[PDB]
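# A look at the structure
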Amino acid sequence: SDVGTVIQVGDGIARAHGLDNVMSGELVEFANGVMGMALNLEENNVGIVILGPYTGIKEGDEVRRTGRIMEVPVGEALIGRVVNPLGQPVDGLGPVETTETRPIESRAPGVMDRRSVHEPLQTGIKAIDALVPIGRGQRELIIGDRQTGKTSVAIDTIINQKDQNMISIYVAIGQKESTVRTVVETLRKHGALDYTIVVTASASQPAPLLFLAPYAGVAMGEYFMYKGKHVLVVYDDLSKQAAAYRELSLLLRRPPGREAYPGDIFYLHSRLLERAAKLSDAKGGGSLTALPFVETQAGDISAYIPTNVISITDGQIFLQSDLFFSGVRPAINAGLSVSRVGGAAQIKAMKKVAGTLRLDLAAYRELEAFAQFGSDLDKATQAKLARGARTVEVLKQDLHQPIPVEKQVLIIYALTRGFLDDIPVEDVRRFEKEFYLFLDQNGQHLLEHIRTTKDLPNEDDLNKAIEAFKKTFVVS
Amino acid sequence: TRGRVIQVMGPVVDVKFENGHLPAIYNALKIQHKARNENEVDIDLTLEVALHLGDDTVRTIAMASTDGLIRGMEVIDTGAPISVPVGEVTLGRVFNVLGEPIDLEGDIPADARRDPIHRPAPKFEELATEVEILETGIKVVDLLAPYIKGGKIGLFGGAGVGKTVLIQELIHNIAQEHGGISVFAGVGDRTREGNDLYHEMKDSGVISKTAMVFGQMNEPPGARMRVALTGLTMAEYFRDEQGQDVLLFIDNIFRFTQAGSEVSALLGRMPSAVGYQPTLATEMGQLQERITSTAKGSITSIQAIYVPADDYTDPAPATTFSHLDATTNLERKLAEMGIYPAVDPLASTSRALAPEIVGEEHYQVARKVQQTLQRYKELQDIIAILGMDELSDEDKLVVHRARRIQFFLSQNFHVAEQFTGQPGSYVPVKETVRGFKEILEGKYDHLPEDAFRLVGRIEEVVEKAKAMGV
Amino acid sequence: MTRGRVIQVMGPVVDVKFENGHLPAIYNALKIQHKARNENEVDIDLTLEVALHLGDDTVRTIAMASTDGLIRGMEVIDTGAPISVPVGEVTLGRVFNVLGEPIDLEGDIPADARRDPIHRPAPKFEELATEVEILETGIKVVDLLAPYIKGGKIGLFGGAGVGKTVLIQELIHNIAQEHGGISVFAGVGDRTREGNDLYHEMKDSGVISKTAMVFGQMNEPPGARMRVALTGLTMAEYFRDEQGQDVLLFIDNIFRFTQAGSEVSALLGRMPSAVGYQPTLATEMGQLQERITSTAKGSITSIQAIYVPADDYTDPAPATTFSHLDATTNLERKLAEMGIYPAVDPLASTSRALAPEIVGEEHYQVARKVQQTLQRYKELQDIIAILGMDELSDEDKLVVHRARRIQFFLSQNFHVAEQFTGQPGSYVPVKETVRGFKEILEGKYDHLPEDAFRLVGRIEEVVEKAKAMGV
Ligand SMILES: Nc1ncnc2c1ncn2[C@@H]1O[C@H](COP(=O)(O)OP(=O)(O)OP(=O)(O)O)[C@@H](O)[C@H]1O
Ligand SMILES: Nc1ncnc2c1ncn2[C@@H]1O[C@H](COP(=O)(O)OP(=O)(O)OP(=O)(O)O)[C@@H](O)[C@H]1O
Ligand SMILES: Nc1ncnc2c1ncn2[C@@H]1O[C@H](COP(=O)(O)OP(=O)(O)O)[C@@H](O)[C@H]1O
Ligand SMILES: [Mg+2]
Ligand SMILES: [Mg+2]
Ligand SMILES: [Mg+2]
C-alpha cells in the first residue's frame, strides 16, 4: 500500500520500503512533518530527497503519500515581497493571499505558438544597449569570474524597468542571506521594489531547496505572461544549482560522468531555459525574457556547465576580470560576446548608430591587439587607435545610474560621427556629465520624437544641438 | 505479452518482458495510460531498447519525460524499430522524432506505409562514384570550394557566424534551381529558430517541395539523438523510389554527438578523451555512411558543425573531419567585419578543385585568387606599422586587387530580406568565374571598393557605383 | 536496552549496533567506558558522534579520540544529546578540549553550569542587519585596498608559509586590546607551538581575563578537528545573544574542517567528487558559515584563515568558501619571496566596504587608481621582457616607475615581527595611509631610492631612511 518505512536517513537523503504506487517527482510526507521529493524509483527501495531539516528523522519512521504533485502559489499578492521557493513568506509582514497554484514542472509552448522577437528590453547600460542588444523573449547568459559585475548588472536591469512595464523577478540561489538583505534594501532605496518579487534560497538551506529555486521562480513568471504582461526572470547563479544537483545525485548512487556531474544536467537546464518565450497575438502577446548567470573558475572555458549553457542560450556576455581592474566598467568584452537576435530588437535610430559602432570597435580591437606595443605607427592607424580609445572611455559608466535610451543614442551618435576629436580622453566622463544636463536644459523635442517614434531626428537640428553644447563645455 | 516497468532513473527506464518475447536492440515501445484515481497522471510515452540485461530485464531510454511513471505500468511492444511515415504526403509538413506532425495542419492516416529508422548501409556492389559540380549559386562556394553531388559537405564555425543564414540561402537557391526534394532536420534545435525558419519558408513559399523534422533542446537526450536518422529514412524513400537528387540538411551535428555522450553516461559506460563515450566513431560513421550516390541517384548532404573554442582537435570535429568530402571554415572575425557568408578563402578545401572534375579555367582562376589573398594576409602588418607608401608598386597592385576580391566574395542574399530587407539574387557558375576573371584583369580597378559589397554580378557593381555616380 | 556494541572498526570510523527502538538521532554523542579486564587489554575512555544511520539498527559514528584498542562486542553508552558545551560567565579565562573539559591546570568547571548543544539552526533573514562600517585596524594595505567590516566576516587566504598567523597576531595586537568585547579564539588544525606561544602572549598582556579558548591540534584525529570549530562558535553565540556585547571570534584554520571531512567521508561510504572531496562539500561548509552572523541582538566580527590546498585557488574547498566572506585578503607566495610583507595581492583583494558611501570619495578614488597602476604594470612586464625597458615611453615608463614604489610601500613592519627580526613595529592611521598613497601617485617623492620604501610606516620614515642613504 501507500504507507512506507524509512531504512536510511543519512546526509540529507533517505531510502524507503513500500510505497508501491509512487510516482517520480511526487511529494511524500514524513512523520516528523516535513516532506520529500521522490526522485529514484528503483527496484525495491524508493529514493526520497528530504526538504527542510533532516536531523529529527530516524530509521523505522513512517512516510505517508500526499498524492499531490509539486505546486507553487501564484497571485498578484506576491509582488513586493521576499518569499521562499516552497512559497512561504520569510520577510515579516505576514501571510500572502495567493489566489491559486501552478505546477512546478509542465510543458513549454510549441514552435507554432511563438512569434519573432521585435521589441527591445532597454537596460540603461551603454555597452549592452549599443553592442549586445536584448529583445523581449531573448535568453542570454552573463558569464564572468567572481567580483566582476554579475549582480550589479542584474540590479541595474531591475532598476531601469520603472519606466517601461515589466513584472520583473529575481531569484537568489545559495546566497549569503545578509547579501540578499543588502540587495533588497538597495532595491527599496532606489524606489524599485514594489513591482518585483524576490525569491531567496540561502546557503544554509537543505540541498533540494537550492535545486528547485529557478523552477519555482519561472512558475511565478509565466502566470503573468499568460495574462499578457511582460516579465523578466533573473537567476543569480545557475552553477550553484548544478552543484546542488551533483551532490544530490552522488548521494543517490547514480552513475557519474565528466567531472562528476550526472549525465542529466543538460536536460535539466533545458527544461528550465526553454519555457522562456514570446507568445503570439492569438496567445496574448506576452514575454518571458531570462538572464541566467554562470561563474567561471579562473577564466575557464570548454568546461561542462559553461559549454552546456553556452550551447542553450541565444547569446552570451563574457565579463573579464583583467578588464575590470583596468578601469572599464561594467567590464564587457565586445570580442567574445554575441547576440543572435541582435539588430532586430533595437529601435531604428539605434540600429543605424549601433551597427556602425560594432564595425569601428572590431577594427580597432585587432589593430590594438598587436600594434600598440610599438611606439609609432602609420597615421591612419594612429587615427583608428584614437577613435577606439575614445570609444572605450565614452562607454565607461557609473553604478546604479541607468541612462535612458534617448540620451544613449545622442551620445553614441556624437561618438560615431566624430564630434569628440577635439576633447581629451581623460575629460570624456565629464563631457558626458555636462552634456546630459545640457540635453535636459535644451533639446526636449528631440527626445520626444525619439520616445514614441523610435526614430532619429533630423540631422540638421541634431548637429545644431551638439555644436551649441560644444560651445558651453570647458576643456581641461 | 506486454512488459512491466521496474525502475525509473530519469530518462532511463527498465522493463521486465516475459521471456520468450524479448525485443531486439533499437526496437520501439509504447506506454499509453489513463489514470484510475485522482492522484495519478495520464501518460503517452515511447521508449527505445538500448541493451539487454541479466534475466528477462531490458534497459531502455525514454523519448518523453518520465514524470508520473508508476512502477508496474504496462508497456506495449511494437515488434519493430521506430517507424517513420514515408511518401509524398510529408512534403510541406513538420514532424517530431516519432513521425507525428507537430504543425496543426493535420494528421497522417494510419493506412500509409512507414519505413524503419534503422537499416543496413549501402553495399560495395551497389555504390557508384559519379562526379558533377553542384551549382549552389553562392559566390564563395562555387568559386573557391566547389561542392559535389553524392557527398557529405561540411560547414565549420564557432557561434553566431552565419551557419543558419547560409543553410537558409542554400535551401532557397536549391528550391529555385530544381524541384529536387529537400529534407531539413533541426537536431537539438532551439525552439526559437524553428519558428523563424518555418515562417520564413512559408512566407517566401519555398515549402511546397520540402519536409522538416524537429527535436528541440528541451527534449530528452535520446530523442535528440534519433532525430537525424528520421531525416535519413525520409530522404532514402525519395532516392529509392523517385530516383532523383534529394538533399538532406542537418542543422548542427555537435548536439548529436553530445546527446550520444549523455546517453552512454546514463547507460553506465566509461568515458574517454574529453568525456565522449567509447563508441564515438561507430555511431557517427553509422549515420554518415548512408549519405551516398548509389545507382538510383544521390543524397548529397550539407551539414554544419560548432567548434567549441577555435581548437579543432576536440573529438567531435576531429572524428567528423575524415568523412567529409569538402569543408569550408567560417571565422567570426570576417562576420563582424560585415562580409558574408563569413567563409575563409585560405582555410577552405575541397576534393573537386581539379581540372578533370571542375575544369581547366576554374583551376587556374581559383589558384590565382588564393595566391592573391595569401600574399595579402602576409602584407597587412607591414602596411600597418611601416608607411603604406613603402610597399612596392607590384605589391601595391596585389593590395588593391586583394581589397576588391575580399569584398566581391560577399553577396546580397534572399535571407537578408528579414534582417536588412534587400532583395538579393542567384549567380550561375559561368558568371562567378568570368566576373573574377574581370577582377583579376584589372581594367575595372578604377571602380571603388565600397561598391563590391553585397552584389551578384559585376554589372551590379557598375550599377551601385553608378548610384554613387562613379 | 540502551547499551550498544561495536561491530566494526575502520580507523576513525566505528559502527555500533544498538538494539531496536533506541537508535540515536544524528549528531548525538556516545560514551565508551571499558574495564581493562585482562593482562592483554588497554583501558580507554572515548566518545563517539553519530553521523549516519545504515539500516538494520546500525549507525556509523566518528570517534573523537584515537581508536587504538577497540574490540568487537565492547559496550557503548548514549548521552542523549549533542556534544554538550558548558557555557556562561565562568568560561572566560579557561582553555577547553573539543568535548568541553578544561585542560589549563587551573581546575574544573562547577557541575551546576548550564551546558548547551553545539548543533542548532542558523539565524533567519528578518533577524540580520546590514549597517556597515570600517573595522579600522592599522594594517596599511587592509586600511587602503580592502577595508575590513565591523560586524562582518573577514577572510585570510594563503598557501602554507605565506604569513596568515603573523597577520592574525598583528590583528589581535591591534584590535583585541581596544575592542571592549568578549573574544573567543578557537584552534582548528593548529600547531601546538603556536597555541602555547599565544597562551603566554595573552597572559603577558593580561588579555586572557576577558577571552576564552578552545583547542584542537594537527595531531588530533579528524572528528575532533571538525567539532572544535562548532564548540568555539557556540561560546561566541551565547555571549552575543545573552550578554549583548559585541563579540570577536577567531578561527585559526577553517580549511582543516573540510579536509577532515574529506578523510572520514570515503570510509563513511560515499563517492568522490571533483578532486576526491566528499559529495556534501558546500552544504555542510555553508551550514557552519551561515551561523556566524551579526543579528540585531549583537554583532560578531569574525576573522578566519583558509589554507589553499596548493597554490591553486580553483580547488573546490577554496571555491565554495569565497562566496561567504564580506572582505577577503589573498596572500600570494610570489610576492613574499620578493620580501614584501605582508604578502597581499593588491589586484585580487575584494571587500563590500569599498563603496563611495561607505569609505567616502577621497578614499575610493585612491583605492581604484592604485589598482589601475598595478594592473597596467603586469601588462608591461611581458613586453619589457621581449623589447627591454629602453623601448617603453611616456605612460608606460611612469607606470613601471610608480608601480615599483607602490608595490614596496604596501609593506609594513608589524609589531609582532620584533621576534623574527630586530625591528620596531608601527601603527598607521587611515588618513596617513590615504595621504601617503596619494603622495606617491602624485610623484612628489619620486627622487627617493626604491630601496627606502621597504618595510616602513609613513612617508616621513621613508624620507629619514633616504636621508641616511645620501639624498
Ligand atoms: N559599473 C560599476 N562601476 C564601478 N564599480 C562597479 C560597477 N559595477 C560593480 N562595481 C563594483 O563591483 C564590486 C562588487 O561587484 P558585485 O556587487 O556586482 O559582485 P559580483 O561581481 O556580481 O560578484 P558576486 O556575483 O559574487 O556578487 C563593488 O566594488 C562595486 O562597486
Ligand atoms: N609581517 C611580517 N614581517 C616579517 N616576517 C613575516 C611577516 N609575516 C610573515 N613573516 C614570515 O613569514 C613566515 C610566516 O609564518 P606563518 O606562521 O605566518 O606561516 P603560516 O602562513 O601561518 O603557515 P600555516 O598556513 O601553516 O599556518 C615566517 O617565516 C615569518 O617570519
Ligand atoms: N546577410 C546578413 N545581413 C544582416 N545580418 C546578418 C546577415 N547574416 C547574418 N546576420 C546576423 O548574424 C546572425 C547569425 O546567427 P546564426 O548564424 O543564424 O546563428 P545560429 O547559427 O546559432 O542560428 C543572424 O541572426 C543575424 O543577426
Ligand atoms: Mg552573486
Ligand atoms: Mg543554429
Ligand atoms: Mg598558523
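Residues numbered from 1 in each chain as written, not as in the entry; some residues may be left out. Chains lettered and ligands numbered in written order. Part of a larger assembly, values for the part shown. Heavy atoms only, no water.

In its metadata, the entry names cryo-EM as the structure determination method and reports 3.4 Å as the resolution.

## Points about the site of ligand 1
For ligand 1, the full set of nearby residues is A:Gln147, A:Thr148, A:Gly149, A:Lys150, A:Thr151, A:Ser152, A:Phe324, A:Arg329, A:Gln397, A:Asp398, A:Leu399 and C:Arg368. The environment of ligand 1 is shared, with nearby residues belonging to chains A and C. At 2.8 Å, a backbone N or O of A:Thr148 approaches an oxygen atom of ligand 1. Taken by itself ligand 1 offers 620 Å² of open surface, and the protein chains cover 81% of this. Counting residues per element, the shell around ligand 1 draws most heavily on helix α2 (residues 150-160) of chain A, at three residues. (Near = heavy atom within 4 Å. Polar contact = N/O pair within 3.5 Å; in protein donor to acceptor, adjacent residues only side chain to side chain. Areas by Shrake-Rupley, 256 points an atom, 1.4 Å probe, with all protein chains shown as cover. Helix = DSSP H or I, 4+ residues; strand = E, 2+ residues; numbered from the N terminus.)

## Observations regarding the domain arrangement of chain C
Annotation of chain C at the domain level lists domain 1 (1-82), domain 2 (84-352) and domain 3 (354-471). Inter-centroid distance (C-alpha atoms) of domain 1 of chain C to domain 3 of chain C is 59 Å. (Domains from an automatic or database assignment.)

## Thoughts on the packing of helix α12 (residues 405-416) of chain A against helix α13 (residues 428-441) of chain A
All names here are of chain A. Across the interface, α12 lies against α13 with an axial gap of 11 Å and an inter-helix angle of 125°. Relative to α13, the element α12 lies oblique. Helix-helix and strand crossings are classified by hand; for α12 and α13 the assignment is right-handed. For the pair α12 and α13, contact is made by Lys407, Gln408, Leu410 and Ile411 and by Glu432, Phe435, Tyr436, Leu439 and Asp440, respectively. Each residue belonging to the contact of α12 with α13 can be placed in one class, and the counts come to five nonpolar, one polar and three charged. (Axes fitted to C-alpha atoms, helices over the stretch in contact; angles between N-to-C directions. Parallel < 35°, antiparallel > 145°, perpendicular 65-115°, else oblique. Left-handed = near helix turned anticlockwise from the far one by under 90°. Contact = heavy atoms within 4.5 Å. Nonpolar A, V, L, I, M, F, W, Y, C, P; charged D, E, K, R; others polar.)

## Here we look at the interface of chain C and chain A
Taken together, the contacts link 50 residues of chain C with 42 residues of chain A. Overall, the association of chain C and chain A removes approximately 4100 Å² of surface from exposure, summing both partners, and the carbon and sulfur fraction of that is 56%. For the chain C face of the interface with chain A, the top three residues by lost area are C:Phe125, C:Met271 and C:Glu290, together amounting to 17%. Counting across the chain C and chain A interface gives two salt bridges. A salt bridge links C:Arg270 to A:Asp11; its shortest N-O distance comes to 2.6 Å. At the level of secondary structure, the elements contributing two or more residues to the side of chain C that touches chain A comprise β4 (44-53), α6 (281-291) and α10 (361-387) of chain C. Looking at the side of chain C that touches chain A, its residues break down into 23 nonpolar, 14 polar and 13 charged. (Buried area = accessible area lost by both parts, 1.4 Å probe. Salt bridge = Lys/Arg side-chain N within 4 Å of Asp/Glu carboxyl O.)

## Notes on the site of ligand 3
A:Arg340, A:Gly342, B:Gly162, B:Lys163, B:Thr164, B:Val165, B:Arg190, B:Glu193, B:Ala416, B:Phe419 and B:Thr420 make up every residue found near ligand 3. Around ligand 3, the neighbouring residues derive from chains A and B rather than from a single chain. In the model, an oxygen atom of ligand 3 is placed 3.3 Å from a nitrogen or oxygen of the B:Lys163 main chain. The separation between an oxygen atom of ligand 3 and a polar side-chain atom of B:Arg190 is 3.4 Å.

## What to know about the nonpolar core
Core analysis: the largest hydrophobic core is formed by 72 residues, its most contacted members being A:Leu187 and A:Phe435. Sort the elements by how many residues they give to this core and helix α10 (residues 348-371) of chain A lands first, with nine residues. Beyond its immediate chain neighbours, meaning those up to four positions away, A:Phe435 contacts A:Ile411, A:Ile466 and A:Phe469. A:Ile104, A:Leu209, A:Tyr223 and B:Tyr306 belong to the second-largest nonpolar core, a separate cluster that totals 67 residues. (Core = buried A, V, L, I, M, F, W, Y, C linked by side-chain atoms within 4.5 Å. Buried < 20%, exposed > 50% of the residue type's maximum accessible area, 1.4 Å probe, protein only.)

## Things to note about a nonpolar patch on the surface
On the surface, a cluster of nonpolar side chains totalling about 300 Å² of accessible area is made up of A:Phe370, B:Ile382, B:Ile385 and B:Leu386. Within the element layout of this structure, B:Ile385 appears in helix α10 (residues 380-385). B:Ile385 gets classed as partly exposed once you look at its relative accessible area, which sits at 40%. (Patch = residues over 30% accessible without salt bridge, like charges linked within 9 Å, V, L, I, M, F, W, Y side chains within 5 Å.)

## Observations regarding the pattern of salt bridges
A full pass over the atoms with the stated rule returns 71 salt bridges over all chains. Note that C:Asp326 and A:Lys176 form a salt bridge whose closest N and O atoms lie 2.5 Å from each other. Separated into two different chains, C:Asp326 in the loop between α7 (316-321) and β17 (327-331) and A:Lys176 in the loop between β11 (167-175) and α3 (177-189) make up a pair that spans both. Across the pair, A:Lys176 and C:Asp326 agree in class, each one buried. Overlapping salt bridges, with partners in common, bring together A:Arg139, A:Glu274, A:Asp314, B:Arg192 and B:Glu193 in one network.

## Brief notes about the UniProt feature "binding site: Mg(2+) 1" (unreviewed entry) in chain C
Residues and elements named next belong to chain C. UniProt feature "binding site: Mg(2+) 1" (unreviewed entry): in the numbering of this structure it lies at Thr165. If you trace the backbone, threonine 165 turns up in helix α2 (residues 164-176). For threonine 165, a relative accessible area of 29% puts it in the partly exposed group. Excluding anything up to four places from it in sequence, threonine 165 contacts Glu194 and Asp252. (UniProt positions renumbered as here; feature names shortened; annotations may be inferred.)

## Focus: helix α14 (residues 458-468) of chain B
Residues and elements named next belong to chain B. Considered for burial, the residues of α14 that qualify are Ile458, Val461 and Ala465. Down the axis, α14 shows its buried residues gathered within 45° of arc, on one side only. Exposed residues on α14 whose side chains face more than 90 degrees from its buried face are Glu459, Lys466 and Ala467. In this structure, the buried residues of α14 make contact with α11 (393-408) and α13 (429-441). Directly beyond the C-terminal end of α14, a positive phi value near 90° is found at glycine 469. (Arc of directions from axis to C-beta.)

## Describing α2(A)
Residue and element names in this part refer to chain A. In terms of burial, α2 is largely enclosed, as nine of its 11 residues are buried. When α2 is considered as a whole, its buried residues turn out to be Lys150, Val153, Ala154, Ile155, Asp156, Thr157, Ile158, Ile159 and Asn160. Check the buried side of α2 and you find it contacts α1 (126-131), β10 (141-144), β11, α3, β13 (231-235) and β14 (289-295).

## Observations concerning the sheet that holds strand β15 (residues 315-318) of chain A
Paired through backbone hydrogen bonds, the strands of a sheet run either parallel or antiparallel to each other. Residues and elements named next belong to chain A. The mixed open sheet is built from eight strands, whose spatial order is β8-β12-β11-β13-β14-β10-β15-β16. Each having just a single partner strand, β8 (82-83) and β16 (338-339) make up the two edges of the open sheet. The sheet contact formed by β10 and β14 spans three bridges and is parallel. Bridge pairing in β14 places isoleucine 143 opposite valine 294. Sheet strands in contact with helix α5 (residues 213-227) are β8, β11, β12 (197-202) and β13, and its direction is about 175° off that of β11. In the packing of helix α8 (residues 304-312) onto the sheet, contacts are made with β10, β14 and β15, and the angle to β10 comes to roughly 150°. (Pairing = 2+ DSSP bridges.)

## Digging into the interface of chain B and chain A
Across the contact, 49 residues belong to chain B and 51 residues belong to chain A. The contact between chain B and chain A buries some 4800 Å² in all, and 55% of this surface belongs to carbon and sulfur atoms. Ranking the residues of chain B by area buried against chain A places B:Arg71, B:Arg190 and B:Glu336 at the top, with a combined share of 15%. In this assembly, chain B and chain A are joined by two salt bridges. Across the pair B:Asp67 and A:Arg271 runs a salt bridge, and its minimum N-O distance is 3.7 Å. Here chain B and chain A share 11 residue pairs in polar contact between them. For the side of chain B that touches chain A, the secondary-structure elements that each account for two or more residues are β1 (3-9), α3 (191-203), α5 (254-267), α8 (332-336) and α10 of chain B. Sort the elements by how many residues they give to the side of chain B that touches chain A and α3(B) lands first, with five residues. Split into classes, the residues belonging to the side of chain B that touches chain A amount to 22 nonpolar, 14 polar and 13 charged.

## Considerations on the arrangement of the chains
Contact analysis covers two pairs of chains in contact, and the most contacts occur between chains A and B. Regarding chain B and chain C, which are not in contact, the minimum distance between any of their C-alpha atoms is 14 Å.

## Considering the packing of aromatic side chains
Note on aromatic pairs: each is described by the distance of the centres and the angle between the planes. Considering all chains together, one arrives at 22 aromatic pairs over all chains under this definition. A centroid spacing of 5.5 Å and a plane angle of 50° characterise the contact between A:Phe438 and A:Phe469, whose relative ring orientation is tilted. Of this pair, A:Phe438 sits in helix α13 while A:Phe469 sits in helix α15 (residues 459-472); the two residues are 31 residues apart in sequence, bridging distant segments of the chain. Classification of A:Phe469 by relative accessible area gives buried; the value is 1%. On the basis of an interplanar angle of 25° and a centroid distance of 5.7 Å, the ring pair of C:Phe185 and C:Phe250 is categorised as stacked. (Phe/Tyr/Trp six-rings, centres within 6.5 Å; stacked < 30°, edge-to-face > 60°.)

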